[PDB]
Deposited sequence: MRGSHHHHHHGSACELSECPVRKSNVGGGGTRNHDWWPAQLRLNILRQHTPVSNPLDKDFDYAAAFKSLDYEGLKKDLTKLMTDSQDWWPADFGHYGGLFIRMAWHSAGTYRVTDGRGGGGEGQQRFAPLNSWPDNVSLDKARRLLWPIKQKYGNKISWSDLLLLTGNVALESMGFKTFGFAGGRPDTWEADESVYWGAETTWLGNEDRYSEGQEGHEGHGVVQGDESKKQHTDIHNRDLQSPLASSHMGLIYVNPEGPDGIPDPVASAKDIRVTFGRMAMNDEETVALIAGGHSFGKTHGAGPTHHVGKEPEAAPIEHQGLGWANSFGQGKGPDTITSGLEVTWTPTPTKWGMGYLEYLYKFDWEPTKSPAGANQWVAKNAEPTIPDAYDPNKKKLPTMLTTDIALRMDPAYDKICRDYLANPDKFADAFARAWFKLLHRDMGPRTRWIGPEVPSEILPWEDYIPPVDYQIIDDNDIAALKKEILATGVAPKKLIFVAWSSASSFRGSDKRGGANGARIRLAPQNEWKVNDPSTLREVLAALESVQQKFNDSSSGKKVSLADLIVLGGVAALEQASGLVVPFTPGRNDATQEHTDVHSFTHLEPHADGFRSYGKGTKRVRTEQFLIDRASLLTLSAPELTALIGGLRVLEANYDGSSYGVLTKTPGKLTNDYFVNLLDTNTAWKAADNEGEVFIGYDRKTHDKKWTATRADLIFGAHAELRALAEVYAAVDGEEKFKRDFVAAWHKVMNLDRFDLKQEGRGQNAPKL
């Protein structure tokens, strides 16, 4: 707050809300990580007594703590909801969210309206975390706790991979929406059965995982509700069959909590008093825990056996007629008509209750597509147990990346369809000699070296580190849909692919156990051509393998196509986001620092990596040679810039004295001479003494981008 000390007062984001900020390129630095400079989590997790941990977790399941009693004497439901919220913030649009980094323990996820009582679920795990030390991460423990919960209650899981490391601060790269009040949704829509949800959002309300459990805007309309679910689960990469299996297999266990009115519930953890030690939502109704618990405000128990696996959910949903009703907190729900109390009380073994359900649940039976799927699962209970295991596995591992980052003994042998699988290498990798020889032979194809660089950059810059999907490995720029991407210049892309293919056959044809993939050739062309342009030895690591179309879902990769790509002078801004805002977002996705971003733009520009051959930002008289001309000419004090039109995207550089026309540029260029912090970076590379340095930084930054997905390393 604006209090008179270090940390306080009005900030820059206060005076200039529209201004571009580079904070997301400065996150997750070592300084804020307490671990030892050489800590390797993968190695520490492998040394873990994994079955020891699982037993410990199984034990915790029936270990009721008086401070947060276990419902039914078993914490599984709570732990299943914990892990499904950790994982469920994921959106396929930008790949952000999910449980890959355990962000549920930080703001704002820790204090979301959907995350009530999940604070207590995490505190229940501290003793076990304390024991395993740094060999298990909160990121992995949160999810494995949900697996163990399912296995403890008789459900057979599909697998589990660990390796997720821990983070130390809140991640500022995610846009969760623009609304300023919790549960607000006014801005992401643009109401009834026909409103459109704003990209990249995958949730209908701020502070919610997917949908309103009472119904859209609190209206219990289950068909209108089913339409929200399809959309939100679609943006989280789940189809109809997987959505039904998740909700049913999930609400197959536990209960909701809404024992009394919600005014009785206090501050969220980030606003809660310091003596509460990180727990929020202090409840003044009754005991405030156990049976008097208040989480969502809904009082629903779905099955006759909440702590045991079975078909109660789909069975009860299809056997009773349901009528709307209200909860002890005023929330919209449903209850069964003409039915005796068959559901157990969480605290009283002598009581049983009437079946209840949620609007979102009823929606699964009322939507014609969901109905059909639900009846198929009733008709074959085994297909259901299998679909849910599979969808649960997908839920917890969809933001984990290539199987090469998957660790542990429960890792599945079976390749999954959503995996983006690349076949391991099974031949002799090429050596320093084939490499030198291959460079030569590529360049000698007569393919314009600007094409070789453009395509290698197009192949790599496709990675996004949030998700860990994309990149040069697999060479899917050759497959759909990346080959018709406009940003990828498909006519060129093909000329380059034809050339690399021919080179590929002559090598693999020379017999021997040595082979080269196309993914490695595409990078190698950039490498050859870059070396030609700088005179510097450009590093190169072989080992990529080619990928097939079957493991390349066209729909999946539809989300990876940029709207605007500044590294390539493509696209323009929107009414809500400026061109330069899209570039900073893309740099974040490629894990680039601010200086790395700066080097790459100057280099790619003098090297002609513009998607359509425009001359925007080619501030060089020698296109094709890697010099520091871009920077020297941008900061050149005798050039002036006027906008070239009204849109404000292309500009003209002209001589102050003379007024002669010199150059053309976009916003992705001028921001580097306009933004004070970026300009300081450009000044380093534009100094009389900075070219040698710049060239080194660019080849480092280039090689970095070329290996962004090489987890197999």
{"item": "Deposited positions without coordinates, collected into consecutive stretches in sequence order", "value": "1-21, 212-233, 757-768"}
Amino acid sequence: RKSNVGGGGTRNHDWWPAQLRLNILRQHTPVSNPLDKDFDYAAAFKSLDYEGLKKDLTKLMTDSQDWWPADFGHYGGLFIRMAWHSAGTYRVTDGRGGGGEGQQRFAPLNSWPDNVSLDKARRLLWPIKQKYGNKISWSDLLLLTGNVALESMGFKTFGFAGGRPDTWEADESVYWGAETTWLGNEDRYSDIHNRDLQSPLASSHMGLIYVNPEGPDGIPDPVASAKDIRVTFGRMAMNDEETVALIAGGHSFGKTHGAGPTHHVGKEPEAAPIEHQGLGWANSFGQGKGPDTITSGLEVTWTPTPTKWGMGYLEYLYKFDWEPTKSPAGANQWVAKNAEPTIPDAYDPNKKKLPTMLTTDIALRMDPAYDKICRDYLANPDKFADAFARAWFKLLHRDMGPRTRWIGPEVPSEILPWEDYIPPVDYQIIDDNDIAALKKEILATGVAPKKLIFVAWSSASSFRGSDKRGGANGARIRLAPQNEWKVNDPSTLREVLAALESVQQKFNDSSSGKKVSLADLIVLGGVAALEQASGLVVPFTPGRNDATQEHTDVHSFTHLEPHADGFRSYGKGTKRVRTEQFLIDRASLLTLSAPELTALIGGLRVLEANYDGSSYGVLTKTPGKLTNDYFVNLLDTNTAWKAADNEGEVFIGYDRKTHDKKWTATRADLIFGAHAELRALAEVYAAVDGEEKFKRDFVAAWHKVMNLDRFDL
From here on, numbers count along this sequence of modelled residues.
| query | finding |
| --- | --- |
| Between 544-552 and 397-405 (mean CA B-factor, as deposited), the higher | 544-552 |
| Selected stretch [higher average CA B-factor]: 216-224 or 134-142 | 216-224 |
| Selection from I442, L607, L124, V527 [criterion: highest C-alpha temperature factor in the record] | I442 |
| Member of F672, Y685, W68, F45 with the greatest C-alpha B factor (per the PDB record) | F45 |
| CA B-factor ranking of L57, expressed as a third of its chain | middle |
| Record-listed C-alpha B factor of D367: chain third | middle |
| Third assignment of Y75 from its chain's C-alpha B-factors | lowest |
| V705, C-alpha B-factor rank within chain (lowest, middle or highest third) | lowest |
| Chain third (lowest, middle, highest) by recorded CA B-factor, residue given as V699 | lowest |
